[PDB]
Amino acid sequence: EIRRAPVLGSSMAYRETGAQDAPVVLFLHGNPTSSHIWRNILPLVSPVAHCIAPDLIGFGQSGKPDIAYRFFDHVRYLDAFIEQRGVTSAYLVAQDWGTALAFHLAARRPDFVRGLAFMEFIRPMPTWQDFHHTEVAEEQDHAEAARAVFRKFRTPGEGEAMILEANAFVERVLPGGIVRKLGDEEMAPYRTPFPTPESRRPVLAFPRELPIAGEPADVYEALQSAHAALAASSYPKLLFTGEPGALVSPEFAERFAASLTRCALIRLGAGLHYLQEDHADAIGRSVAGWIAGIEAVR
């Protein structure tokens, strides 16, 4: 069921399933997706949880206010959505920019977080080498092409042409990070939120928010702080990795998980950035088991 909540004088669409008398799980998408990306995962988790999957402001079926769509704008709208829905605590399941939102939420409200399941996550990246980082000789080529594209996204004029005019994030980056080829009916709901250049403003804003080489400084610092909190947190964590992944290499995932407390690491196999589309059943089954286990003993 796909519903709409009034949020800050605009609205956010969201998908909801499960008995609403169970622990809440918030599913947080990133760029350039929507709650659509969780569509095959939700039915596997709904038997054990009240699943809520919002569309970020300016994404999916959410409102399109005339705002900057910076990371901190998303923070405000997501906070307001959570308040409006009356959610007092939740598990968080996140990918891409959803992870930055999840990390920042957890840092500000540690009492809120029952657990964090995450994948293909954002972290401060001191150099461009740390974006699509990997130590695997065969992957060096793919990594450099990603770097080259996102450098252009973050270049004035060039990013506008690519994303606003040519729709490169939806038409190229999205399919580029899915191993399988989506059916027409699966791809179409990724296109429908973004019919015009103006509508694509949020999709351009996001790569310009990535914390790379100190910029943008405010996001970089916020995410450094959020990551410090995560490393100091004691709630359960579940990290998924694909092979070779994109933002998170399998070897990095192992090191990162070991750098936290109470972080399990689940290996999904062949995958790139949008792991949900290649591994929905594995993700859903894993998350559901994990919530069941936590709730049994917490």
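Numbering starts at 1 and runs along the sequence shown.
- Item | Entry-level comparison of average CA B-factors, 83-91 and 144-152, reporting the higher stretch | Of 144-152 and 83-91, the stretch with the higher C-alpha B-factor average is 144-152.
Exercise for review: Between 96-104 and 172-180, name whichever shows the higher mean Cα B factor according to the PDB entry.
Suggested key: Higher mean C-alpha B-factor in the PDB entry: 172-180.
*asked:* Maximum C-alpha temperature factor per the entry, among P207, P211, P195, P202, belongs to which one?
replied: Checking the PDB record, the top C-alpha B-factor among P207, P211, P195, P202 is at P195.
When you compare the CA B-factors of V25, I283, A13, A19 as listed in the entry, which one comes out on top? When the deposited C-alpha B-factors of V25, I283, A13, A19 are compared, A19 is largest.
**Asked** Lowest, middle or highest third: where is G157 by Cα B-factor in its chain?
**Response** Highest third.
- Message: How does the C-alpha B factor of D55 compare with the rest of the chain: lowest, middle or highest third?
- Response: Lowest third of the chain for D55's C-alpha B-factor.
Worksheet entry | Position of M125 among the chain's modelled residues by C-alpha B-factor, lowest, middle or highest third | Middle third, going by the recorded CA B-factors of the chain.
message: Splitting the chain's C-alpha B-factors into thirds, which one does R109 fall into?
response: Answer is highest: the recorded C-alpha B-factor places it there.
**CA B-factor placement of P47, once the chain's modelled residues are sorted into thirds** = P47: CA B-factor falls in the highest third of its chain.
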